[PDB]
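S.K.: For reference, the file protein-v8.txt (compact mmCIF, N, CA and C atoms) is included below:
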```txt
# COMPACT_ATOMS: atom_id res chain seq x y z
N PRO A 34 76.39 125.01 116.50
CA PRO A 34 77.17 126.23 116.75
C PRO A 34 77.17 127.14 115.54
N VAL A 35 77.82 128.29 115.66
CA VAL A 35 77.94 129.21 114.54
C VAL A 35 78.95 128.63 113.57
N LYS A 36 78.91 129.11 112.33
CA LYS A 36 79.75 128.62 111.27
C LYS A 36 80.92 129.58 111.05
N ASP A 37 82.14 129.06 111.18
CA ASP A 37 83.34 129.84 110.95
C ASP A 37 83.44 130.21 109.47
N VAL A 38 83.79 131.46 109.18
CA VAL A 38 84.16 131.86 107.82
C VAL A 38 85.68 132.06 107.86
N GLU A 39 86.40 131.06 107.36
CA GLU A 39 87.85 131.08 107.43
C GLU A 39 88.42 132.21 106.60
N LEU A 40 89.40 132.92 107.15
CA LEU A 40 90.02 134.03 106.44
C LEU A 40 91.47 133.72 106.14
N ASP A 41 91.90 134.06 104.92
CA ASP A 41 93.31 133.92 104.50
C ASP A 41 93.85 135.26 104.03
N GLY A 42 95.12 135.53 104.30
CA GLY A 42 95.73 136.75 103.84
C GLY A 42 96.82 137.19 104.77
N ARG A 43 96.96 138.50 104.86
CA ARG A 43 98.03 139.11 105.60
C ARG A 43 97.41 140.27 106.36
N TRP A 44 97.71 140.37 107.65
CA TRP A 44 97.18 141.45 108.48
C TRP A 44 98.32 141.80 109.42
N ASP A 45 99.29 142.55 108.89
CA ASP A 45 100.55 142.84 109.61
C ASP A 45 100.34 143.66 110.88
N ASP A 46 101.31 143.54 111.79
CA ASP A 46 101.46 144.44 112.95
C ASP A 46 100.49 144.05 114.07
N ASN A 54 98.34 134.83 116.09
CA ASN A 54 96.92 134.65 115.76
C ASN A 54 96.34 135.93 115.14
N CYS A 55 95.73 135.79 113.97
CA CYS A 55 95.07 136.91 113.30
C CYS A 55 93.99 137.49 114.21
N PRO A 56 93.97 138.82 114.39
CA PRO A 56 92.92 139.41 115.24
C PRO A 56 91.50 139.44 114.68
N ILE A 57 91.35 139.22 113.37
CA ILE A 57 90.05 139.29 112.72
C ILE A 57 89.46 137.89 112.57
N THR A 58 88.24 137.69 113.06
CA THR A 58 87.50 136.43 112.82
C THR A 58 86.07 136.77 112.42
N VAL A 59 85.47 135.88 111.64
CA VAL A 59 84.13 136.06 111.12
C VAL A 59 83.35 134.74 111.31
N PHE A 60 82.08 134.84 111.67
CA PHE A 60 81.16 133.69 111.70
C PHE A 60 79.79 134.09 111.20
N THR A 61 79.00 133.10 110.78
CA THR A 61 77.59 133.33 110.45
C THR A 61 76.71 132.45 111.36
N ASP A 62 75.59 133.03 111.78
CA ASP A 62 74.65 132.41 112.73
C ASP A 62 73.31 132.71 112.11
N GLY A 63 72.75 131.69 111.47
CA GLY A 63 71.70 131.90 110.49
C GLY A 63 72.22 132.86 109.43
N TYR A 64 71.45 133.94 109.22
CA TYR A 64 71.68 134.95 108.19
C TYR A 64 72.26 136.26 108.73
N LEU A 65 72.95 136.19 109.85
CA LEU A 65 73.73 137.31 110.32
C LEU A 65 75.18 136.88 110.31
N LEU A 66 76.00 137.71 109.68
CA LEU A 66 77.44 137.56 109.66
C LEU A 66 78.03 138.49 110.72
N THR A 67 78.94 137.98 111.55
CA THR A 67 79.57 138.79 112.59
C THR A 67 81.07 138.80 112.39
N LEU A 68 81.64 139.99 112.37
CA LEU A 68 83.08 140.17 112.35
C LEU A 68 83.54 140.73 113.69
N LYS A 69 84.59 140.12 114.22
CA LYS A 69 85.25 140.65 115.42
C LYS A 69 86.70 140.91 115.14
N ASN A 70 87.22 141.95 115.78
CA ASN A 70 88.60 142.37 115.61
C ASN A 70 89.15 142.57 117.02
N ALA A 71 90.06 141.69 117.43
CA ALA A 71 90.58 141.68 118.80
C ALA A 71 91.61 142.78 119.06
N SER A 72 92.05 143.46 118.01
CA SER A 72 93.08 144.49 118.14
C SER A 72 92.81 145.63 117.16
N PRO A 73 91.74 146.42 117.40
CA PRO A 73 91.38 147.52 116.50
C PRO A 73 92.54 148.50 116.38
N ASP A 74 92.99 148.76 115.16
CA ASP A 74 94.21 149.57 115.01
C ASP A 74 94.36 150.22 113.64
N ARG A 75 93.35 150.11 112.79
CA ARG A 75 93.41 150.73 111.49
C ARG A 75 92.01 150.87 110.92
N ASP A 76 91.83 151.84 110.02
CA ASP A 76 90.57 151.93 109.27
C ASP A 76 90.44 150.67 108.42
N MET A 77 89.19 150.21 108.24
CA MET A 77 88.92 148.98 107.51
C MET A 77 87.84 149.18 106.46
N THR A 78 87.88 148.32 105.45
CA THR A 78 86.82 148.24 104.46
C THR A 78 86.38 146.80 104.37
N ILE A 79 85.06 146.57 104.35
CA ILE A 79 84.50 145.22 104.18
C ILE A 79 83.75 145.26 102.84
N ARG A 80 84.02 144.29 101.99
CA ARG A 80 83.36 144.19 100.69
C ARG A 80 82.88 142.74 100.48
N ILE A 81 81.63 142.59 100.05
CA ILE A 81 81.09 141.29 99.77
C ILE A 81 80.68 141.31 98.30
N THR A 82 81.13 140.30 97.56
CA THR A 82 80.97 140.18 96.11
C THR A 82 80.35 138.82 95.71
N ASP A 83 79.31 138.83 94.88
CA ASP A 83 78.70 137.56 94.46
C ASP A 83 79.61 136.86 93.45
N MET A 84 79.65 135.53 93.51
CA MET A 84 80.56 134.78 92.65
C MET A 84 80.01 134.39 91.26
N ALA A 85 78.74 134.67 91.02
CA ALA A 85 78.10 134.40 89.73
C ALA A 85 78.36 135.51 88.72
N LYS A 86 78.28 136.75 89.16
CA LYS A 86 78.48 137.91 88.29
C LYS A 86 79.65 138.83 88.69
N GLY A 87 80.16 138.65 89.91
CA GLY A 87 81.27 139.47 90.41
C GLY A 87 80.79 140.85 90.84
N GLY A 88 79.50 140.95 91.13
CA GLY A 88 78.89 142.18 91.67
C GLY A 88 79.05 142.36 93.17
N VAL A 89 79.41 143.59 93.56
CA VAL A 89 79.50 143.93 94.97
C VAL A 89 78.10 144.20 95.51
N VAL A 90 77.74 143.44 96.54
CA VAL A 90 76.41 143.56 97.17
C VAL A 90 76.50 144.39 98.45
N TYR A 91 77.72 144.56 99.01
CA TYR A 91 77.91 145.25 100.26
C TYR A 91 79.31 145.82 100.28
N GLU A 92 79.43 147.11 100.58
CA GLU A 92 80.75 147.70 100.88
C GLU A 92 80.59 148.75 101.96
N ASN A 93 81.50 148.69 102.92
CA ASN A 93 81.43 149.55 104.08
C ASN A 93 82.85 149.95 104.51
N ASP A 94 83.09 151.26 104.59
CA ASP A 94 84.34 151.82 105.10
C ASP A 94 84.16 152.07 106.58
N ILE A 95 84.90 151.34 107.41
CA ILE A 95 84.69 151.35 108.84
C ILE A 95 85.85 152.04 109.55
N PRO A 96 85.59 153.17 110.23
CA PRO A 96 86.72 153.80 110.91
C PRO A 96 87.28 152.93 112.02
N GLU A 97 88.57 153.10 112.30
CA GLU A 97 89.29 152.30 113.29
C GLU A 97 88.50 152.19 114.57
N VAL A 98 87.95 153.31 115.05
CA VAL A 98 87.25 153.32 116.33
C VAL A 98 86.04 152.39 116.35
N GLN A 99 85.44 152.15 115.18
CA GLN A 99 84.27 151.28 115.07
C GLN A 99 84.59 149.86 114.57
N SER A 100 85.87 149.54 114.43
CA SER A 100 86.30 148.31 113.76
C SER A 100 86.35 147.05 114.62
N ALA A 101 86.02 147.13 115.92
CA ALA A 101 86.08 145.96 116.79
C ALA A 101 85.02 144.88 116.51
N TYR A 102 83.90 145.29 115.93
CA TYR A 102 82.68 144.47 115.88
C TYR A 102 81.71 145.05 114.87
N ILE A 103 81.28 144.20 113.94
CA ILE A 103 80.40 144.58 112.83
C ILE A 103 79.48 143.39 112.62
N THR A 104 78.18 143.65 112.49
CA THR A 104 77.26 142.62 111.97
C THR A 104 76.68 143.02 110.62
N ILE A 105 76.49 142.01 109.80
CA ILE A 105 75.98 142.19 108.44
C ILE A 105 74.87 141.17 108.21
N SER A 106 73.69 141.65 107.87
CA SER A 106 72.58 140.74 107.51
C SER A 106 72.78 140.29 106.09
N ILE A 107 72.83 138.97 105.91
CA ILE A 107 72.91 138.37 104.57
C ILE A 107 71.55 137.82 104.12
N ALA A 108 70.51 138.12 104.89
CA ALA A 108 69.20 137.49 104.75
C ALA A 108 68.54 137.83 103.41
N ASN A 109 68.85 139.00 102.86
CA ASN A 109 68.26 139.42 101.58
C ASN A 109 69.25 139.38 100.41
N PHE A 110 70.42 138.77 100.61
CA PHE A 110 71.24 138.42 99.47
C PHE A 110 70.67 137.19 98.78
N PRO A 111 70.73 137.15 97.43
CA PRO A 111 70.35 135.93 96.75
C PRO A 111 71.15 134.71 97.19
N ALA A 112 70.52 133.55 97.11
CA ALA A 112 71.19 132.29 97.33
C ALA A 112 72.34 132.16 96.32
N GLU A 113 73.56 132.11 96.82
CA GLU A 113 74.74 132.19 95.97
C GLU A 113 75.96 132.09 96.91
N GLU A 114 77.14 131.82 96.34
CA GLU A 114 78.39 131.96 97.09
C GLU A 114 78.89 133.37 96.95
N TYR A 115 79.46 133.88 98.05
CA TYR A 115 79.98 135.23 98.15
C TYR A 115 81.43 135.22 98.58
N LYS A 116 82.20 136.15 98.04
CA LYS A 116 83.57 136.47 98.52
C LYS A 116 83.48 137.62 99.51
N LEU A 117 84.12 137.41 100.66
CA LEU A 117 84.24 138.39 101.71
C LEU A 117 85.67 138.90 101.80
N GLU A 118 85.84 140.20 101.69
CA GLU A 118 87.18 140.80 101.80
C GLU A 118 87.16 141.84 102.88
N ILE A 119 88.19 141.80 103.72
CA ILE A 119 88.40 142.80 104.75
C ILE A 119 89.77 143.39 104.46
N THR A 120 89.81 144.69 104.23
CA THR A 120 91.07 145.34 103.93
C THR A 120 91.34 146.45 104.93
N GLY A 121 92.62 146.64 105.25
CA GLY A 121 93.02 147.69 106.16
C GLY A 121 93.72 148.81 105.43
N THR A 122 93.62 150.01 105.98
CA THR A 122 94.43 151.14 105.51
C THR A 122 95.45 151.53 106.58
N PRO A 123 96.75 151.63 106.21
CA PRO A 123 97.28 151.48 104.84
C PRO A 123 97.48 150.06 104.32
N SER A 124 97.43 149.05 105.19
CA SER A 124 97.64 147.66 104.75
C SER A 124 96.78 146.67 105.50
N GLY A 125 96.77 145.45 104.98
CA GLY A 125 95.92 144.38 105.52
C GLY A 125 94.91 143.91 104.51
N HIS A 126 94.84 142.61 104.28
CA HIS A 126 93.91 142.09 103.29
C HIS A 126 93.62 140.64 103.58
N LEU A 127 92.38 140.38 103.97
CA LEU A 127 91.92 139.05 104.31
C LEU A 127 90.72 138.72 103.45
N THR A 128 90.66 137.46 103.03
CA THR A 128 89.58 137.00 102.16
C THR A 128 89.01 135.69 102.67
N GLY A 129 87.68 135.59 102.60
CA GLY A 129 86.97 134.35 102.87
C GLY A 129 85.77 134.22 101.95
N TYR A 130 85.12 133.08 102.05
CA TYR A 130 84.00 132.76 101.20
C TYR A 130 82.91 132.15 102.03
N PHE A 131 81.67 132.46 101.68
CA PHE A 131 80.54 131.85 102.34
C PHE A 131 79.39 131.71 101.36
N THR A 132 78.48 130.78 101.67
CA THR A 132 77.34 130.51 100.81
C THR A 132 76.03 130.84 101.56
N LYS A 133 75.22 131.67 100.93
CA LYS A 133 73.87 131.93 101.41
C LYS A 133 72.91 130.91 100.80
N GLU A 134 72.18 130.22 101.65
CA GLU A 134 71.25 129.19 101.21
C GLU A 134 69.84 129.73 101.25
```
If you took the structure in this file and wrote it as structure tokens, what would it be?
M.R.:
Amino acid sequence: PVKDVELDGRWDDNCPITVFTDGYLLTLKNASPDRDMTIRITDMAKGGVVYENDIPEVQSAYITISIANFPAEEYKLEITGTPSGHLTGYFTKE
């Protein structure tokens, strides 16, 4: 099956945001689109951001991200909402 990327944090107002990876595609789903979002992925070796995307509310239900050309490394995944909401998970690209 696909691999769950567990998320921890606070997403005010069951968490509607879930993430999985299926091979080298990461999929985010949001069961209750209701705010603008930002997704940021940061490598854990240098703390460099490899991906950042500001996603308007209307487009926030579903996002795919190819991790296929990220270096083999562990990454921090953050999903933040405006004005609030902040979820964090971690995944490893092999």
S.K.: As a PyMOL selection string, list the residues of chain A assigned to strand (DSSP E) by DSSP on the backbone atoms of this structure.
M.R.: chain A and resi 36-38+41-43+57-62+65-70+76-83+89-95+102-106+113-122+126-133
S.K.: Between A:127, A:103, A:40, A:81, single out the one closest to residue A:67, counting only C-alpha atoms.
M.R.: A:103
S.K.: For a test of reading the model, state the distance in Å between atom CA of residue A:44 and atom CA of residue A:131, rounded to one decimal.
M.R.: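 Computing the Euclidean distance for atom CA of residue A:44 and atom CA of residue A:131 yields 20.2 Å.
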S.K.: Looking at A:86, A:75, A:69, A:133, which one is nearest to residue A:108, with distances taken over only C-alpha atoms?
M.R.: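 Among the listed residues, A:133 lies closest to residue A:108.
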S.K.: Could you list as a PyMOL selection string every residue that has an atom within 7 Å of (85.1, 133.5, 111.5), using the file's coordinates and counting only N, CA and C atoms?
M.R.: chain A and resi 36-40+57-61+67
S.K.: Restricting the calculation to only C-alpha atoms: of A:46, A:92, A:134, A:62, which residue gets closest to residue A:34?
M.R.: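 Smallest separation from residue A:34 among the options: A:62.
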S.K.: When you draw a straight line from atom N of residue A:35 to atom C of residue A:76, how long is it in Å?
M.R.: 26.7 Å
S.K.: Up to 5 Å from (96.2, 145.1, 110.1) in the file's coordinates: name the residues, counting all atoms listed in the file, as a list in words.
M.R.: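 Those residues, ordered by chain and then number, are residues 44, 45, 124 and 125 of chain A.
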S.K.: Please produce a file of those selected residues containing N, CA and C atoms, as a tab-separated table (two decimals), keeping the file's coordinate frame.
M.R.:
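Listing of result-v1.tsv after writing:
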```tsv
chain	number	residue	atom	x	y	z
A	44	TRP	N	97.71	140.37	107.65
A	44	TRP	CA	97.18	141.45	108.48
A	44	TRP	C	98.32	141.80	109.42
A	45	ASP	N	99.29	142.55	108.89
A	45	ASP	CA	100.55	142.84	109.61
A	45	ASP	C	100.34	143.66	110.88
A	124	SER	N	97.43	149.05	105.19
A	124	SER	CA	97.64	147.66	104.75
A	124	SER	C	96.78	146.67	105.50
A	125	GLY	N	96.77	145.45	104.98
A	125	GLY	CA	95.92	144.38	105.52
A	125	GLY	C	94.91	143.91	104.51
```
S.K.: Nearest residue to residue A:96 out of A:63, A:129, A:121, A:56, using only C-alpha atoms?
M.R.: A:121
S.K.: Please measure the separation of atom CA of residue A:64 and atom CA of residue A:41, giving the value in Å to one decimal.
M.R.: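 Atom CA of residue A:41 lies 22.0 Å from atom CA of residue A:64.
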